[PDB]
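In: Got an experimental structure here, sequence first:
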There are 12 protein chains.
Amino acid sequence: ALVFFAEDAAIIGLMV
Amino acid sequence: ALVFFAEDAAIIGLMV
Amino acid sequence: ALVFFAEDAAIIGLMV
Amino acid sequence: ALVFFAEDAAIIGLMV
Amino acid sequence: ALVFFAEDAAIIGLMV
Amino acid sequence: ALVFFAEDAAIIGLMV
Amino acid sequence: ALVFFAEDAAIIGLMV
Amino acid sequence: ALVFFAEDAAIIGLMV
Amino acid sequence: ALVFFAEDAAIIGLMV
Amino acid sequence: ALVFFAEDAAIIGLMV
Amino acid sequence: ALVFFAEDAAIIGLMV
Amino acid sequence: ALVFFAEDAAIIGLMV
C-alpha cells in the first residue's frame, strides 16, 4: 500500500 | 485542514 | 503537471 | 484527520 | 451503496 | 459550487 | 450539481 | 496549478 | 479510456 | 464509460 | 462500507 | 504501484 503525507501541527501518513 | 504537497518549479501546499 | 509523492520501499512520484 | 459522513441504514464516519 | 451529502440551495445525496 | 462537510474539533465546509 | 466533461469517441458529461 | 472546468448555470474553473 | 482536460499555460489531456 | 467494481453482500458496478 | 480491489504481487482490499 | 481494474470492451489496468 502507498503512504501519502499531509500536514495535520505534524506530518501524518495516509495509507492506501 | 490537511495540507498535501506537490511539485508545481516549487513545492506547493494543497489545503483540504 | 503536478507531481505528488508517496512511499511505495522508496518514495515515488505520481504525475498529474 | 478529517471525518466525512455517509449513509451506509446508519450514518458512518470516514476518517482521512 | 454509500450516500454522501453536500449543499447544492438544498442538501442533496450523492450516491456511490 | 457544492459544499461538503467534515469534522476537523468542529464541522467545516469544503467547497467545490 | 457540477458537470465535468471528458472524451470517451465523443465528449460526455459527468454529473456530480 | 491545474484548472479543471465544470458547468455549475455557467462554466467555472476549479483550481488545483 | 476517459480524457479530462485542464489548463496547465496550455490545455492538456488527462487520460484515465 | 468505465465501470469499476466493489464489494457491497455482492459485487456491484460503479460507472464513470 | 465498499471494498475496492487492487493489485499490490497479490490482490488487496481497499475498504471505504 | 497499485493497479486498479475497470471495464473499458475489456478489463484494463489502471496503475497508481
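Out: Looks like it came in fine. Residues are numbered from 1 along each chain as shown, chains lettered A, B, ... in the order given.
In: since we're on residue A:9, how many residues are nearby?
Out: 9 (other Cβ atoms under 10 Å in any protein chain shown). (C-beta placed from N, C-alpha, C; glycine too.)
In: Spit out the contact partners of residue A:11.
Out: By Cβ atoms under 8 Å, 6 or more residues apart in numbering or on different chains, the residues touching residue A:11 are residue A:5.
In: As a check, name the ranges of all strands in chain A.
Out: For chain A, the strands defined by DSSP state E occupy A:3-7, A:11-15.
In: out of those, deepest packed?
Out: Stretch with highest mean neighbour count among the strands of chain A: strand A:3-7 (a mean of 17; mean count of other Cβ atoms under 10 Å in any protein chain shown).
In: For that strand, enumerate the helices and strands it packs against.
Out: strand A:11-15, strand B:3-7, strand C:3-7 (3 or more Cβ pairs under 8 Å, 6 or more residues apart in numbering or on different chains; DSSP states H and E).
In: what about dumping the CA coordinates of the second one to PDB?
Out: Right, the one you point to is strand B:3-7. Backbone C-alpha positions of strand B:3-7 (Å, rounded to 0.1, in the frame of the first residue of the first chain) are rendered in PDB as follows:
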ATOM      1  CA  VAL B   3      -2.200  20.300   3.600                       C
ATOM      2  CA  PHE B   4      -0.800  18.000   0.900                       C
ATOM      3  CA  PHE B   5       2.400  18.700  -1.100                       C
ATOM      4  CA  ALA B   6       3.100  18.600  -4.800                       C
ATOM      5  CA  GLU B   7       5.800  19.800  -7.200                       C
END
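In: which residue packs closest to the closest residue to chain J within chain A, ignoring adjacent ones?
Out: Across chain A, the shortest distance to chain J (Cβ to the nearest Cβ) belongs to residue A:16, at 15.0 Å. Leaving aside its chain neighbours, residue A:16 sits nearest to residue A:2 (4.9 Å; criterion: Cβ to Cβ, 6 or more residues apart in numbering or on different chains).
In: check contacts around residue A:12.
Out: Residues in contact with residue A:12 (Cβ under 8 Å, 6+ apart) are A:5-6, D:1.
In: again with residue A:2
Out: A:15-16, C:6-8, C:12, L:1-2, L:16.
In: For it, give me phi and psi.
Out: For residue A:2, the backbone dihedrals are phi -80, psi 150 (criterion: degrees, to the nearest 10).
In: With residue A:10 instead?
Out: Dihedral angles phi and psi of residue A:10 (degrees, to the nearest 10) take the values phi -150, psi 160.
In: Could you tell me how many residues sit around it?
Out: So residue A:10, with other Cβ under 10 Å, has 5 neighbours.
In: beta partners for the residue lying closest to residue A:1 once chain neighbours are set aside?
Out: Of all residues not flanking residue A:1 in the chain, residue A:15 sits nearest, at 5.3 Å (Cβ to Cβ, 6+ apart). Beta-bridge partners of residue A:15, counted by DSSP bridges, are residue A:3.
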